[PDB]
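Novice: Chains as they are written, first to last, in the deposited numbering: chain Z, 1 to 222; chain a, 1 to 233; chain X, 1 to 195; chain R, 1 to 117, 125 to 242; chain Q, 1 to 240; chain W, 1 to 204; chain Y, 1 to 212; chain P, 1 to 244; chain S, 3 to 233. For each residue, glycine too, the CB sits at the ideal point set by N, CA and C. Quick one: structure below, then a few questions.
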Amino acid sequence: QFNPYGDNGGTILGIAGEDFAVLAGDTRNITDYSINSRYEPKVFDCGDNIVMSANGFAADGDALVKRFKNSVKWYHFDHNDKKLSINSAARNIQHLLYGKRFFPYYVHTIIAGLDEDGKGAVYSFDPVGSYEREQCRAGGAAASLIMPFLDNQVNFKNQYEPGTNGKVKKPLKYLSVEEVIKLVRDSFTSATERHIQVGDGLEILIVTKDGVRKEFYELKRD
Amino acid sequence: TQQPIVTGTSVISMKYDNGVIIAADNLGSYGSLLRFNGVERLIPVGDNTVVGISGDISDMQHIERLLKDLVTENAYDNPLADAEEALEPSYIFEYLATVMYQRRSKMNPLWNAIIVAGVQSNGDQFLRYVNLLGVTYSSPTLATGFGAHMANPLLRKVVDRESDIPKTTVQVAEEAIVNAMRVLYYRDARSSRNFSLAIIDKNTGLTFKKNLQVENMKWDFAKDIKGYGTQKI
Amino acid sequence: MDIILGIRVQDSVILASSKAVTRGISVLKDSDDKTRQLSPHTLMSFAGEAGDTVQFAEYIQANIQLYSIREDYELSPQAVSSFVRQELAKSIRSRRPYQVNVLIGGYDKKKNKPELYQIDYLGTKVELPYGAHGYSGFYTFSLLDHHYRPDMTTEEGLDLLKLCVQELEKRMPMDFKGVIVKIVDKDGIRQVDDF
Amino acid sequence: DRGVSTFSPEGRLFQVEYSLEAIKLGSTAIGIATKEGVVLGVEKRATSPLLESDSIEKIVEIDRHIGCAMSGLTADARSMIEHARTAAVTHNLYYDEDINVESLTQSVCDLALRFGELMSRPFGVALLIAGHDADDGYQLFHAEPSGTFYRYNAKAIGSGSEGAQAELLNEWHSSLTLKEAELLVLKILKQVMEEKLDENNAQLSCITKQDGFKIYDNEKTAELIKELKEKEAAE
Amino acid sequence: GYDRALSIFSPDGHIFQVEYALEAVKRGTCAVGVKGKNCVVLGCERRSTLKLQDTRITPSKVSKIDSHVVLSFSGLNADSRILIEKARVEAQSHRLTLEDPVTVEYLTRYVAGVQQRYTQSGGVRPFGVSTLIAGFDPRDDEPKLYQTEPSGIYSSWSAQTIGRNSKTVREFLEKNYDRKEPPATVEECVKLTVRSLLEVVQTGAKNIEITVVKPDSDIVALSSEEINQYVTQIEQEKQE
Amino acid sequence: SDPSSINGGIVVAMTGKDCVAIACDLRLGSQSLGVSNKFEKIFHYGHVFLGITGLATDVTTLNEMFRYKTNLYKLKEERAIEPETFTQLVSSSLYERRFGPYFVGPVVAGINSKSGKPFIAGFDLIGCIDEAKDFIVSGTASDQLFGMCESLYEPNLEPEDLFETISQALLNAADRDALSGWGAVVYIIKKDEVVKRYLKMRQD
Amino acid sequence: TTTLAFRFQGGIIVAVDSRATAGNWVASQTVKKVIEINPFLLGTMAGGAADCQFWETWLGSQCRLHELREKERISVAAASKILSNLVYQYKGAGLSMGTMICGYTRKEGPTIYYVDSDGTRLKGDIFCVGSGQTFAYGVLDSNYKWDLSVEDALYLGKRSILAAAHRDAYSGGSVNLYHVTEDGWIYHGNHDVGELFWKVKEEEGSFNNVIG
Amino acid sequence: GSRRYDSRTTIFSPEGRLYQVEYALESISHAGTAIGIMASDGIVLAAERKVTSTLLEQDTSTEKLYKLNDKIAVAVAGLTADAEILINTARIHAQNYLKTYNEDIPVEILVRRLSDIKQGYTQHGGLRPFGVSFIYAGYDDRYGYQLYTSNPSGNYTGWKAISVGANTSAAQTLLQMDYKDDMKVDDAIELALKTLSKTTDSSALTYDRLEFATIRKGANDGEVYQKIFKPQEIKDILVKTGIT
Amino acid sequence: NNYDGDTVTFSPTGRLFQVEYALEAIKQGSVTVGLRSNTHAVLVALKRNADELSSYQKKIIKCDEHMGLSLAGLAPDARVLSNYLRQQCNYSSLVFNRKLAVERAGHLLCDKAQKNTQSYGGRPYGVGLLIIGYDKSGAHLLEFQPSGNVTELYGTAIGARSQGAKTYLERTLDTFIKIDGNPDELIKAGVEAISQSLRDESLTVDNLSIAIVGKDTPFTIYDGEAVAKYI
Ligand SMILES: [Mg+2]
Ligand SMILES: [Mg+2]
Ligand SMILES: [Mg+2]
């Protein structure tokens, strides 16, 4: 019997800063125990200061991103070159996903950018279109390895102030872009050690008011 | 939904400094029966592209006809059909990848794994893969089926990353491809000795080699092997 | 839904229907009215698959109300039951059938006679002195076979109905949270608020 | 006879040109755009005194940020309003935002030329579409049955239109207040109307960023009519 | 399918098929609607050119759309049945989906929309019918009276008439109906409605029909003798 | 699960000298539960009689369908339908639902009004005609009926003798079937008189 | 998941948890399980997240179109029935939905309809849906009165989710509270269950089985 | 294109009349006269066949009177072929109703359905209307004995006595003169034949030029019987009433 | 005369009058100019207002990053045809990862307009279009007529009084073709060309509309104070 779905592995991570946002993902593409590519870009600049990644089944992921990029193009044509806000992009993606409710895009989608007040924004989607704004979100193979770490080191969960013994929480102080990238790199370095599908390379897309910048880092190739 | 009947095995390929190489054997299997011994699975499109196909042969022959019709259609009302508005590898691939994903989305796939090898207008090497699921990816080396498991490891020792491509000559690349084809003949039960090889170079163009054979094989050591453990004679 | 009973006496039809609505683990409601008034002298109780029951009942109600307005005339209970049967008989060979069983209790003003019709989801219609759907008949019919008379008063019919419910409350494993009872006679439809 | 989609020798669609004549017979509608808001006003024109004039609905809400006034065969406007309301709501569903006033107007105008041998004839009604969005601020559009729409600082449609437009030519400037615009619509309506203008045979409305689209009470309009009378008697 | 554009504009901006549909309404028997303080009365003319008629079974001029709303008309009888059927279906559909009966305005808006649709759809002619729609909104005691016409425009009326010689009876109503003080009782409203028809009808015998609609689905049609008593009292006051 | 044995019931028909007989039980059930003892399975359209066993909703539906069709037949043809013609109509009507059939076992019985010839016929659920000279059986106790009819039947029985034969065939067959019984009816049919007799039987 | 809604003197209380799981894996603790259909209407999320989000947002669009056309606030009865009639068309296709449509109008008063993906539409006073529904019902049934104050009713809804969050493995994270009045709904904050549990334990004297 | 050849069958005149309906009514005015009379104990249907021949097989012939079901019959005036199309539709409608409700269709419901079909041909489709007028004679348990008529416009009305076809003005005046409410079937039979005998364009009224039918509760006890008269039976009733 | 009732009817001299009447609508429209060099292609359009309170009707529409047009005639027909071009440009990019050739875009417009001239019930398009674009064979300028005729040109003009601008371009042919790598000078030549079609009115800040596409220049439209530089 024909199986229309597959699993191309991969892991992605979106973090929203105070006045910035990052969307990272490894560059390894796989089937079963084979490596298809050591460098296959997974996070894309979609225009209007929005970055996107649809992790899971890569054919559905490529199709969705391609359709969203097309939606941005037609939004400009139909609405006098108006900038597509991150919240409007999110709602539009819900409709793209729910349009295939009974034959889903087998992907976990994440987008990042800035909201209309200039603050950092990340949105997270399930395969059929349910979505939410989030501060911190990992997706894909090693998401279970990364998120507990982020709960602890970004949101300071289970961390209290010394001397008070549980009475006073560690205060939630804002993180810089340099501090976030350190956590992203350490997240993927740790995931690489313990998950077979994670490795080869790490590509990060950073979004600010100035635009979209890229950073690349090598990962272990075993 | 169907099952593949008459099938073709591995297609292997890699990039080198000035272009790309692609190869595939000339067999059409019918399960374990090695039925058809003269099947060409590399199909050139113009003088800048070669499409290598594995999997179902009936679906390959259909794709072969789509590409032939693509060339005809591109020439219509096109004075620059043999120049600036000729078909590029990137155009040919994107078309096939669209068709493959559309066909899987109607639950009626073309039961193939395809590699499109070629050189672009600006001299850039093109090498990308697509299969029955519409899954696509690119890499300095690409291979289908058994080739993925056995050829890629050997070809990756020559070109391990992007920076190794300018350091790799056409002689070294062809040597590596030919060796990989021998290894596949040793170890793939649905392979043949006879194969075709195509080189697409930005300077010397498209060289298409037919009727190549696996040679320099090691079998002599077999005479010393006796029994399965304790047999001395 | 679970228990729906019906009894036709001398001058009226009495329908009794359980109040419980259960969604798997929990009892969501204990006051649910499993009935619709199709016309002033015709009442239909129902039980079957969730959602389909109310959807079907309201669909029938709308059609009979439409007929009443168009002709300025109330259809006979027999005519309404035949319309309902045809809809269910049509439904059973559909893409997705209505999984709904019904009792239709009506008072025919022309013949001055009460009438009770039992129709299952297949479109199987029978006119009866007393009827039920599901497992309800298994517990109650032996009592009805013994005590029933065609010349019973409404009060005697209610007493025989109480005996049936008591037997159900004793031997049925499920708690159906009692029954809402409604009477259909020459003066129309009314609910017995203490049962 | 002849095609419904036929061109005249001058290069105009007969049916579109004829529908424009039906609009000239319609009751007057006026719109004025300012930096403080857009005002929309109409002549009700009841055919008899027994007709309850508050049931005459020639000013209509499309969304909270978009209003609309009509002139001509007003029955034809109902399906246009329905489409506009649907388009406004649908865009909010798809994009979690308000729709641009121009984009709404363009969607309504796409219906216009969908006629042939689709609907059997063009619409016999013209629309003044007024609204506000963040990108282009307060706007007023004139949507015709030709499928064309022009943006206006001020515009009059209906039977008294050319007289009213000449008056709007002199009176409009870029510093008009909302209150000044209200009186100006009332003044020009009073000028072109057959019957004497009051709160029962004329209606006012506006669209502001803060409060959105609002149809004015007869009591509210009555005070503005009294304010108008006094300021004209002041010189 | 037959797609011919029958309703089209003319050089002077008129749609003649819609205007000729109004001429069919002009030919129809007179209908009148008057709303009091706590009621609405619908009066209708019956032409006495047809005797040997069976009045038991002959289609009555006033039709119930629901238990709380009624519709009368002037124009083509056959055309009116199609509008009545559609209205009755929509009334039951509204009850089924909204779980509330239609308002009088909603029902009017629906019927008027159907009439409009038949003025710009291919292969169809407009309805040669104008309607008077009257009743009371659910749980509301304010009387409602609306009018529709072939073009599809509709509006609310304190009192209105349609059909042949409607110009004359509208003249009567415009001088006799006071808005500050409408007919306070059922008697006063019926009397004013019968009076308005007597300006046009001929004999006050079987030529006048009267239907009274009150709040909370209280609708009744007056009989010959009951109407005849109004006819008698009106002329005895007139002999002075 | 099996639609032809949910409701239960039986029909039997026999020929005699210048007469025919058709009979049925009165039971309707929901598997083990007895629901009705007044569910008659024999209908008539003019002088042509039709018995129907099987799924009760289809029994009712088919009666309403053949009433519909025989009423239109009569209006157009200006005469009542004959048994031979009606048999072909049943067959046609059933086969048009070949791949979504009515789960029934119909039986036709009657005398041709012109020739005077006694006629009976049976069908399977998709319309195959069985035109027997002697007898036709149908229902959940069809095996039992075959056994009774095959031994009890002899040709050219007089009306009152045929009544006894068919009655005894039905009764004893029904008493060996859980899903049949609860009363019984026998029609004795002659060229211009038809008698209908309700039988007394055990009610378990 | 645990969601509840109940009618009382001062309107409707809506209370939900925040947890989302994929098997044993806790995907999110910050899920919004109350859908703000419009300023007057609320809906709860249980079963399919997308199905509830998508169709109750769509419902808001339909309610907005209704009041534009009819110039009047839509009834809770009519709003709930639009959603139930929609999901009934999809019956058999695989929608998963268990929701409470909550509103407060003039003609109806405070009203709650339980709407469900197999077509069910039930009016009622108290509803609890989700994997922790049984735990919430216990606290609700034993403490519910019609004459509850707004303050006490808000606490009851908060406390009932806490009961479920404690015992049910698939419920937790935080509690979201809403109070629905005739003039609209009012949000009464996000309450972390971790911090709430210890606070309630001390102040109330409950959860003596748990060491703190 | 094709527009050039379109007659536009469904348009108003400047006076607000439907051209094709009016012209169809003109056609019907040349058809053989059909009369219906309603009594307390039954209904009579009488109709004149158009200029016949001696070689026409009368006993197997039917052009005027048709059975719709056991309780309802119609008299035809106009194009016979058009009438048969509508008659078959009405027969199907009656059986659809009987299948649905298990009760015989009320007379008015059948009449309304056929009249609505005629109406449709005047409003949409661009086809010519049916050139047929019907007299419906029927019984049901709600209103008892009923007479209706319908014409190409799709308008229908109820009657105590009515004529369609040729010379309706003269026929209706004669019926209006001699009809009374307490009249019986036997009296109504006589009135129908006397009226046809005076209005006919033929020299004399004979059995071979007539079709006749009665609907009576003269059926043994609480039921209704339709009687389509045979040629010999029409001959006998002509002698009985003193016309031949 | 007797042969102008519909588009399906030839006249006795073999003319199609409905098509010719559609061509007349273009002549009533406001003037627009198109011209190109080897590196860039320019559109200049005189926008028309209804009155002093009204806006100036937009004339230029973007079809892709590398292609767009200017219109003269029925504006809704231009919207339909430009929407079709957007879709065809888009299909080429999505399916073939290929920017649509300007010449092939002209062929598609010709065939779409042709179908409306040979069938009953429909009508011809009532608009003329000037398409500019930069593809793999450099800069291009096309002229579309609703008869179906599409023509590749160095320069042209359509609309009312377009003959003046067309003669100017015919003189200047050798000069403006050589304006390579200088966008401002190529626009200047286009502004000077459209000036030869003006009477009574002159080019103001809200009157003028300019668009450009080139080697390293996406299709961009200039309106308002962005064209004050060229006045
Ligand atoms: Mg690893
Ligand atoms: Mg037995
Ligand atoms: Mg037993």
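Tell me the rounded alpha-carbon separation between residue 16 of chain Y and residue 125 of chain Z.
Specialist: 21 Å
Novice: Grab the span of the alpha helix (DSSP H) containing residue 142 of chain X for me, first residue to last.
Specialist: 136–147
Novice: Which partner residues of residue 196 of chain a appear in the DSSP bridge assignment?
Specialist: When beta bridges are read from the DSSP output, residue 196 of chain a appears opposite a/24.
Novice: Between the alpha carbons of residue 203 of chain Y and residue 195 of chain Y, how many angstroms are there, rounded?
Specialist: The alpha-carbon atoms of residue 203 of chain Y and residue 195 of chain Y are separated by roughly 13 Å.
Novice: Under 8 Å: do the region 134–145 of chain P and the region 31–50 of chain P share three or more Cβ pairs, one atom per stretch?
Specialist: Contact between the region 134–145 of chain P and the region 31–50 of chain P is present, because at least three Cβ pairs lie under 8 Å.
Novice: Using a Cβ-Cβ distance cut-off of 8 Å, determine whether residue 26 of chain X contacts chain P.
Specialist: no
Novice: Have a look at residue 206 of chain R and residue 197 of chain R and give me their C-alpha separation to the nearest angstrom.
Specialist: 11 Å
Novice: Measuring only between beta-carbons, confirm whether residue 123 of chain P sits less than 8 Å from chain W.
Specialist: no
Novice: Compare the Cα-Cα distances from residue 217 of chain R to each of R/80, R/35, R/25 and R/15 and report the closest residue.
Specialist: R/35
Novice: Using a beta-carbon distance below 8 Å, is residue 76 of chain R in contact with chain P?
Specialist: no
Novice: Measure the beta-carbon distance from residue 231 of chain P to residue 58 of chain P and round it to whole angstroms, keeping in mind my assumption that it falls under 8 Å.
Specialist: Indeed they touch by this definition, with Cβ atoms about 5 Å apart.
Novice: Closest by CA to residue 67 of chain Z, which one among Z/99, Z/79, Z/36 and Z/80?
Specialist: Z/99
Novice: Is residue 7 of chain Z near ligand 1, in the sense that its beta carbon is under 7 Å from a heavy atom of that ligand?
Specialist: Relative to ligand 1, the beta carbon of residue 7 of chain Z is positioned no closer than 7 Å to any heavy atom.
Novice: Give me the chain Y residues within the contact set of residue 129 of chain Z, using Cβ-Cβ distance strictly less than 7 Å, ordered along the chain.
Specialist: 50 and 54
Novice: Just by C-beta distance, which residues in the region 55–68 of chain R are closer than 7 Å to chain Q?
Specialist: 55 and 56
Novice: Pull up the CB-CB distance for residue 28 of chain a and residue 45 of chain a, whole angstroms please, since I reckon it's below 8 Å.
Specialist: Your pair residue 28 of chain a and residue 45 of chain a does not check out as a contact, with CB atoms roughly 21 Å apart and the cut at 8 Å.
Novice: Is residue 221 of chain Z closer than 8 Å to residue 145 of chain Z when the C-beta atoms are compared?
Specialist: In this structure, residue 145 of chain Z sits away from residue 221 of chain Z, with a CB-CB distance that is not shorter than 8 Å.
Novice: Contact check, residue 24 of chain Q vs residue 76 of chain Q under 8 Å by CB: the rounded distance?
Specialist: Yes, residue 24 of chain Q and residue 76 of chain Q are in contact; Cβ-Cβ is about 6 Å, under 8 Å.
Novice: Report the residue from a/21, a/144, a/128 and a/42 whose alpha carbon sits nearest the alpha carbon of residue 64 of chain a.
Specialist: a/42
Novice: Could you check whether residue 210 of chain Q and residue 193 of chain Q sit closer than 8 Å to each other, using their CB atoms as the reference points?
Specialist: yes
Novice: Less than 8 Å between the C-beta atoms of residue 80 of chain a and residue 94 of chain S, yes or no?
Specialist: No; because the gap between Cβ atoms is not below 8 Å, this pair is not in contact.
Novice: When the Cα atoms are used, what is the spatial distance from residue 1 of chain S to residue 7 of chain S?
Specialist: In the structure as shown, chain S begins at 3 and stops at 233. Residue 1 of chain S is therefore absent and cannot be evaluated.
Novice: Is it right to say residue 146 of chain Y is buried, meaning 16 or more other beta carbons lie within 10 angstroms of its own, or is it exposed?
Specialist: exposed
Novice: Determine the DSSP secondary structure at residue 76 of chain Z, reduced to helix, strand or coil.
Specialist: helix
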